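Residue-level structural notes
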12 protein chains.
Amino acid sequence: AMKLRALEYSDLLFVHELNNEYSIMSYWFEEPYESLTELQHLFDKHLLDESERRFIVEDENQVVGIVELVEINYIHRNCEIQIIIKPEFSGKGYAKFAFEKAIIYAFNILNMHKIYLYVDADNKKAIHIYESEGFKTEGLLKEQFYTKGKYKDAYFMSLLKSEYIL
Amino acid sequence: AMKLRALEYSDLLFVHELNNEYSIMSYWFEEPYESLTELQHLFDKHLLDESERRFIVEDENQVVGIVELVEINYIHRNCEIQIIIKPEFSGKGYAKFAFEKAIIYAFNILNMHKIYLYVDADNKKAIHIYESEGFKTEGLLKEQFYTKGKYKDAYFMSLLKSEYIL
Amino acid sequence: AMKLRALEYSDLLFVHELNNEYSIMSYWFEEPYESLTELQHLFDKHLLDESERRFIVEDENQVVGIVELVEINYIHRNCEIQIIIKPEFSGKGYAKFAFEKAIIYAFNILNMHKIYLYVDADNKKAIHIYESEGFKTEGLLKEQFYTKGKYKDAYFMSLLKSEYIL
Amino acid sequence: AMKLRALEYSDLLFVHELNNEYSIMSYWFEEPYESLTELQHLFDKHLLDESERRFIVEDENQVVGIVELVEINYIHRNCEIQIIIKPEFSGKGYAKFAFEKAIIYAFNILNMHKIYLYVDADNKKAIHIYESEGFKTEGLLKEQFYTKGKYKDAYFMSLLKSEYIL
Amino acid sequence: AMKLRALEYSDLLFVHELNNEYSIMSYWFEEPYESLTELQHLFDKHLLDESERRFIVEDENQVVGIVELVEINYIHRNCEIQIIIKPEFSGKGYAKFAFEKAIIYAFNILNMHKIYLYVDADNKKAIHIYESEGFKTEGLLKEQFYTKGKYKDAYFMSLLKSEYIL
Amino acid sequence: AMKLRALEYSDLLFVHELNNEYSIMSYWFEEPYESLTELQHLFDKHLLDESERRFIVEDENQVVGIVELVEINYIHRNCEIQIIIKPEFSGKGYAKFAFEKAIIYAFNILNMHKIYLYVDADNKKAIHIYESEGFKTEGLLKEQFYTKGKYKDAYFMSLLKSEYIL
Amino acid sequence: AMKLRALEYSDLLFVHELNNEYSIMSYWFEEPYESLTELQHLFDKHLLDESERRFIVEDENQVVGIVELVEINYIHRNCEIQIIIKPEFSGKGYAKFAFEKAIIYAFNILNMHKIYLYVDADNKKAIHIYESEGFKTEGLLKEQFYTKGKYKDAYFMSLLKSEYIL
Amino acid sequence: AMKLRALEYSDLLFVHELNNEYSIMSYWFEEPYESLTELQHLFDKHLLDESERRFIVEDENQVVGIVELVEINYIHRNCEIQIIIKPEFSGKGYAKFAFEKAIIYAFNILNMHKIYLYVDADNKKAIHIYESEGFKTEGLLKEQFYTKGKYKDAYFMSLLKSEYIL
Amino acid sequence: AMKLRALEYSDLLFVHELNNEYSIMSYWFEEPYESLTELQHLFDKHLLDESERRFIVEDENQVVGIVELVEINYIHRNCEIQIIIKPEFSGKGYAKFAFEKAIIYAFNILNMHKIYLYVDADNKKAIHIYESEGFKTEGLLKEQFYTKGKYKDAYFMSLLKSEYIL
Amino acid sequence: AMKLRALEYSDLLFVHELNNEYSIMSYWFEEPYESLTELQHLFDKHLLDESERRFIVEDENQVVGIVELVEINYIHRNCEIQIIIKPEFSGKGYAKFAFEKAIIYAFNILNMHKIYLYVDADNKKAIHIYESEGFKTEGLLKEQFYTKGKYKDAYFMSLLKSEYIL
Amino acid sequence: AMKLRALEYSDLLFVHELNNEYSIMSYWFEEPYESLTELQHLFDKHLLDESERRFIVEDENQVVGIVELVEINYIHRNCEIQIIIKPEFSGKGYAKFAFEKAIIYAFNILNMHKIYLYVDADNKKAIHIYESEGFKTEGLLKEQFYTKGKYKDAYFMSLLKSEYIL
Amino acid sequence: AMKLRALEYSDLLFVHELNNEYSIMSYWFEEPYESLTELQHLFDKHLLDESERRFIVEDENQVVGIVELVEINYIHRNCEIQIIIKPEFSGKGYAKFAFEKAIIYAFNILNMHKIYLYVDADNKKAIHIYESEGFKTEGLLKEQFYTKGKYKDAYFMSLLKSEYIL
């Protein structure tokens, strides 16, 4: 049984470890962190800020990933979604599950109108997870991110609640 | 033997767990929380605020629920009542007991004039608990709450101390 | 030319004066005030709280009233509306104007789903202003407010954006 | 035209002067003060405390006195009333007016059940003002106050809202 | 061997428990508390305030009660006395002892002139403990306290040091 | 002679006025403001935050607009540009000038790689100013902004420094 | 007409000047000061401390001196009295007046049992003012104060309220 | 082997216990305390204040008492000495030792000119300890202390360094 | 008569203006500023930091420039020198004077061993001012600074006190 | 397997020990430290400052060194690199590895343009590690550092990303 | 008529100016200052520190100098004296006067045992002022101060109160 | 193997004990302490103050002493040295070692010009340790320190780096 659970202070080591698996710099409420000690301090600084919301993805046996809703805007009713699954659990349907649940949370709980994400235009496996959840490409943002010594293009993809309920 | 006991800091894990059993977002002194860590911080922020009062419902063996009096107003002498019983204990009369005791607390201890609540107009089992304690419907508030992807209607129900003592 | 303008610190004397024209106790972010000095201190305490929003109603010559949106909830997308016009300006269409503009602000700017208000069930002139803006009665809340030595009944009235655009 | 007006920070010099006309030590939220500078600092410390409420008594031309409701208790619904009129205005009906208005405020606005006061058992002129407003003696508290080198007896007098409305 | 001992932080659980045996709301330096967690926070806030003084009543084996001197006034030299003995120890002379010692403390240590108390006019067993220590009734304060759904009358009783030493 | 000048505290009234000319809600370091008093407080809170940079556009006679660089990211080296010219000065080349200077500042001073903006897909006059400065459309973000009661589509447009220097 | 008036913040220049007329170091709540700037800062630090109480001695035309009650002890009910009259006003009866009034304040207002003072055993003119108010010598404290390069003896003198009322 | 050792935070329980053996109220830097919890808080408040200095009197086996130098004045070079020995150790020469050492500390380390003390004029055993260390009576301060229901006379006794070295 | 004077708070407008004459970003204690309002806040933050020292260069009629010693290191005894003269005063010998005086201050007052600076390798007029004061080139730091859209090379130049005194 | 890992609070003992192996004084965000206790306090003060970034160099068995990027400048895009390897691990290729990884981090992650370092002109073994990573000497800074009683010359060496990718 | 007056906050401009007449760096409570703005901030930081004491030297017409007692030690009873007279007033006997008065203050008011000073061994005019007040040389501290590019020798001179009174 | 190690927080008990072996009062950054609890609080207050520097003297088996450099002045480049060795380790060469190392630290690491000390003119064993390290007497400061009831003379001794390297 998988589930999404709200992120606690005690989750931050996992968060740190997961993001450490990627060379791209990591942010907590738009402030950068590279260590667990930085992450703990940013966590306490932003503790009641509603612009981001995070969930731990679990099965009964362990924590397997994180769902982040960020740039949550309650006027325009949209937010950016980021999901990271431990790479050792790829293809096991944790990403599909996390997506399904987070989309449901954004639309049916938070009452968002639209959700969007950015994805490296070379990350075919991620794009396919996104596409299977109904995300559509709305933009190709050239040289938008600098990663591993190169500026890379990113797709802006999005999902409208109205498309979601059809 | 059942009893109501004042909520302590050490009760917050139970509070967190109970509210986690419901998809509707949870509030502490009108500030939203989804994690235990948020709940602990809001608890300390509002520690001496008299606008809400909370009790843990117990039997000798465990904690079984929570009674909340909120929006307590000492001029107009009314407050909103919220009671949540662990769903595994339904039909065991904990809800009836919690109600009876909280109404007594509101009227005979706090000196309230009126108590009211909101209930989803589809929640027949809850409405019947309320009706059996003498709550009357005063309003049908259409599309007042957004829950699980739909705007839902709620009854405003209320109990006057004067009706209570008859 | 009438207009709504965002409330500044320098508006608080007017706010104080206006609310002083009514015996019912006045609140700023749910904290009571009776003097300008209390109002100034509550203003600074709640300066960036988004749960209430206030506008000054003006014509070119003077400030004539206040529009308050309170209990703003960005999940359920509803808020309570309060409008007070200086009694010397009654029947001049400032109330109609203030209403029209605040409803527009709530729906088209804030993206609310529903707006509601409470009104003493004897206040026929107010109720008629409300009814002319499309508010419908959803409830009759008996003995809900204590005013001038008596518990008084209030109508809960509301307006759905969906009704508004028809 | 007389009126009661809520006490502002700018009233504190008057408050200081008035209380200075009496040898008995003066208190602000149960903390003693003898100077204006102490009074200003206590005022800011207790600015949002609801246990006391104070009004300035005025005619169109000047401030003539102060009404204080203290030990306000919103559970038992009673409070202690203190009224001081500038001695130069005695017999002009400012005391009667202040009383009438403060009683009305306590009962009909604050929803108190009972109001009480203490008065030196030798202060016949004050007692008669009290008696004319319906206060009844409930106690004779011997040697309760030390004033001008002597312990003096005080009457506890009170007024029930139920008596007030008959 | 019985004794009175000054109240420590570590006594607050006992204090909480004892006051929990009574439906009347409990106060610490005139601020209400219902939980141990509230009591701990009020304790630290008022730690060096001399307006109240509290003692734990003990025998060699356990804590059996609390003595409170409150509203201590060092100008008029009087204070209010409250004593609560665990109901399981009634009739064992702990109340008599606590009284005797607290009166001695108030008069001979604190140099008070007068001590007083309030007691529900129906609480014959308490009144008799008071009367046996020389308290005299000075007032009958009608409908002064709201308890268990009813306004109740209280006696004001008092003891003068001058009577005490005769 | 036109020029760009760094924004001072004393510019905030102009900033407030300018943004007040538009119904879309205004932000300072991603926190919303509608009044000058809110803007002043956010200004002091974010005074040394380098994620946004703002300039006042002037001619010798008056302030005519504002240039904002926001979401400045010094790793990926891109930022979002917002320019607002007083509508009374449209077509006078202040927008062209402001653009030219801000692009120069972003690229040649801040060393950005890319600049981007969002524009309502119906705002032809703005789009043409952008296009004349070399911005290219990279995306069409449907229903991305809620404005005047409707979700509206926005173009994401961008300019690469490499294109700029050709 | 002479009078004693409570010391305000605005009195501190006078206080500074007066004490500057004496080589012995000056104290405010037992902390030393030599300048007005030090005195202002100590004043704010000790603003609500009840261990000292100070009055300005005036005639209708100017401030002529200061009365200080220090080391006020409300258990043992005694305090130390210090009075300084501008030396230009000596023999005019300001010292007698100040004494008379301060003694009255200590005994009849503050309820002190005893007042005492220290005086250089060579200061015959001061001692005679003291003796004329009924102070008696209780001690000769040798080499107790170092003044102008010499250790000097001081009389401890005192007045009992019981002697005062005979 | 006896010795004096500087008082640490961990000594405060002993300090509390010792002072608890006496009915006279106890002070820490002139602020009263009756509990260990009050004593701990006053200790931290006055941690670097040089007006008092305290030592624990020990033998190799236990703490047996406390030496306090208070009202230390570095201009007039005198201080008040207080010594309390556990009553179970009386007559064992701990008081003589503590005295001898504290006098040596005051004169030879702190460079005091004079040391003094107060003693109840009935406390013959204490007076004899004092007299044996060369203290001389300089005053008889009548009704200076209120203890066990009576005002009591105290001797002021003192020792001059010049007498000490003869 | 020229002179160097220590920089005051009131100099910051001049500082702001001067640095505004250059496109390179400006720093105060290594924190960037572009406005006077930022500069004022950084000034107060770093008010007693000894790592930088600044002087205003003046003639009798006006302020003409600024001397900055930064990265002052009191172990290695070296610091970086920056001098900016208003461009309207070039060739008038203010730069020579400022240099001469600041070098004297660094060596003879601060006891530095070495002073150094960085200069754009194209800034011949500056280099010649430096060379005329005895600075020698020690390095050519390629692409060290990004200015006006290009990475530029800088000379590191330095002066040893030992060379200075020859 | 070697790796670089972000520095945590728990790394500071290692950091302290390593720097203790060198007589040159050590800095944390340009503030000097010699003890672990100083280092811990500076660590918390600078916790979110982005001007320095530090990594621990490890193999599977232990921590072997530290990589520091300091004076990070995101406008000019350069930073100073410092690497210290435990001297017991010299010649084992930890320095080469640390270099390779930190250069990669600076260029490909942080997007720096240039990296530089300072090295004592006598430290041939270090210079050779630097030279093997492509650092070139750009300057010889004479008497720039005072170490072990002598002013010593340092090479400024640097690496351009453009050279790095060739 | 000359006099010494205690230094006020408003004296700091004079203090700044006077010390500015000397190249040696200036200190306030051992913290260096070169500007008035630094001096004002140090003044407030050290406002109640008794280790230094300062007086302004005046005649009826203007302030002419400053007397500083520093390193005041109340155990060893000695302090360092610094006197600076405006150089335009040299030879007018202000230095003699300031000395005479400050010595009197140190010995007869502060009860110091010894006063000392340091003086450049070349400053014959100062040394002669010192010698005429009875200062004796106790030491020649070679290369003790670095001034105007040279290490200079200083005399330590001192005056014993015992010599002073002979 | 002996060594000097930087003083940590955990060293303070040793520091306390060592200084306790001497009757002369002890200072931490010129603030007096007699207990470990005072020392801990002063330690945290002065944690980053560079005016004093302290080392623990050790052999492999235990801590044997402390080296203190105080009054460190980085302009005049001199400091005062204090070394205390546990008296049980005298004559074992710990003092010689500590000296040698601290002198080396002051001169070769801190770049001091001169080091000095004070020593009781009767302390021949200390003076000989000093003399053997090249300290020369520059002054005889009579009655400079009050110790064990007597004013004592001290030698000022010093060592110039220039003498040290010969």
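Here, the structure is the one placed above.
Residues numbered from 1 in each chain as written, not as in the entry; some residues may be left out. Chains lettered and ligands numbered in written order. Heavy atoms only, no water.

Let's shift gears to helix α3 (residues 94-109) of chain C. Residues and elements named next belong to chain C. With 16 residues, α3 should reach 22 Å at 1.5 Å per residue; the first-to-last C-alpha distance of 21 Å fits that figure. α3 sits mainly inside the fold: 12 of its 16 residues count as buried. What α3 keeps buried is the set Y94, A95, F97, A98, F99, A102, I103, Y105, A106, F107, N108 and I109. Looking at the residues trailing α3, positive phi occurs at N111, about 65 degrees. (Helix = DSSP H or I, 4+ residues; strand = E, 2+ residues; numbered from the N terminus. Expected span 1.5 Å × (residues − 1). Buried < 20%, exposed > 50% of the residue type's maximum accessible area, 1.4 Å probe, protein only.)

Attention now moves to the side chain of E:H76. As for its position among the elements, E:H76 is in the loop between β5 (63-73) and β6 (78-85). On the basis of relative accessibility, which here comes to 7%, the residue E:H76 falls in the buried class. Reaching out from E:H76, the side chain makes a polar contact with the backbone nitrogen of D:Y146 at a distance of 2.8 Å. (Polar contact = N/O pair within 3.5 Å; in protein donor to acceptor, adjacent residues only side chain to side chain.)

Mapping chain A onto chain F is achieved by rotating through 180 degrees and translating by 0.0 Å along the same axis, at an RMSD of 0.0 Å. Each copy turns onto its partner about a two-fold axis. Judged by C-alpha distance, A:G139 is the residue of chain A that lies nearest the rotation axis, at 1.9 Å. Take the interface residues of chain A: 100% of them recur as interface residues in chain F, which is what a same-surface contact looks like. (Least-squares fit on C-alpha atoms. Contact = heavy atoms within 4.5 Å.)

A few words now on the arrangement of the chains. In this view chain H stays clear of chain I, with the nearest C-alpha atoms of the two still 25 Å from each other. One thing to see here is that chain G and chain J don't touch, and their nearest C-alpha atoms sit 30 Å from each other.

Right, let's talk about unusual backbone geometry for a bit. Positive phi values are uncommon outside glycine, yet A:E71 reaches one of about 45 degrees. Examined against the element boundaries, A:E71 turns out to sit in strand β5 (residues 63-73). Classification of A:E71 by relative accessible area gives partly exposed; the value is 28%. Not every positive phi belongs to a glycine, and H:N111 is a case in point at roughly 65 degrees.

Superposition record for chain J on chain A: RMSD 0.0 Å, screw rotation 60 degrees, translation along axis 0.0 Å. Those values place the two copies in the arrangement expected of a six-fold rotation axis. Taking the C-alpha atom as reference, chain J places J:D44 closest to the rotation axis, 14 Å from it.

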